[PDB]
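Model the following, please.
(4 chains)
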Amino acid sequence: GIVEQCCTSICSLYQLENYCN
Amino acid sequence: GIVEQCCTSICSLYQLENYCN
Amino acid sequence: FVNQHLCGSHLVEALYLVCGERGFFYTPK
Amino acid sequence: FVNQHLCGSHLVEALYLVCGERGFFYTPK
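Residues are numbered from 1 along each chain as shown, chains lettered A, B, ... in the order given. Now the structure:
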């Protein structure tokens, strides 16, 4: 999930936008 | 929604917790 | 910290603090 | 601001900035 993709590894805009409504 | 209850009017714990997963 | 007007990043912060490991949804109209 | 490790309030902040009026969901495992 988001913690794995953005906290434990380097985040990206691409991944962040998957969590926008 | 949340903006109406917490931004435009005074927020509460009660209302915030309605938006927890 | 919750019993006030909370907008924008301030509201997101309150959700984050209150909801803890649950997480939350932030959905403006 | 997005191309780094983002945890906790830092991650919430990035979601808030990126997603704008859409809002977002923050759901840890």
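
tell me the contacts of residue A:4?
By CB atoms under 8 Å, 6 or more residues apart in numbering or on different chains, the contact list for residue A:4 reads residue D:29. Every C-beta, even on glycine, is put in place using the N, C-alpha and C of the backbone.

mind checking how far it is from residue A:12?
13 Å (CB to CB, to the nearest Å).

Find the closest residue to chain A in chain C.
Proximity of chain C to chain A (CB to the nearest CB) peaks at residue C:27, 5.5 Å away.

Please name the residues that touch the residue nearest the centre of chain C.
By CA atoms, centre = their mean, the mean C-alpha position of chain C lies nearest to residue C:15, the distance being 2.4 Å. Applying CB under 8 Å, 6+ apart to residue C:15 gives the contacts B:16, B:19-20, C:24, C:26, D:12, D:26.

can I get those residues in JSON lines with distance to residue C:5 and secondary structure?
Shown next, in JSON lines, are the contacts of residue C:15 (distance: CB to CB, whole Å; DSSP: H, G, I helix; E, B strand; the rest coil):
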{"residue": "B:16", "distance to residue C:5": "13", "secondary structure": "helix"}
{"residue": "B:19", "distance to residue C:5": "16", "secondary structure": "coil"}
{"residue": "B:20", "distance to residue C:5": "20", "secondary structure": "strand"}
{"residue": "C:24", "distance to residue C:5": "18", "secondary structure": "strand"}
{"residue": "C:26", "distance to residue C:5": "16", "secondary structure": "strand"}
{"residue": "D:12", "distance to residue C:5": "19", "secondary structure": "helix"}
{"residue": "D:26", "distance to residue C:5": "22", "secondary structure": "strand"}
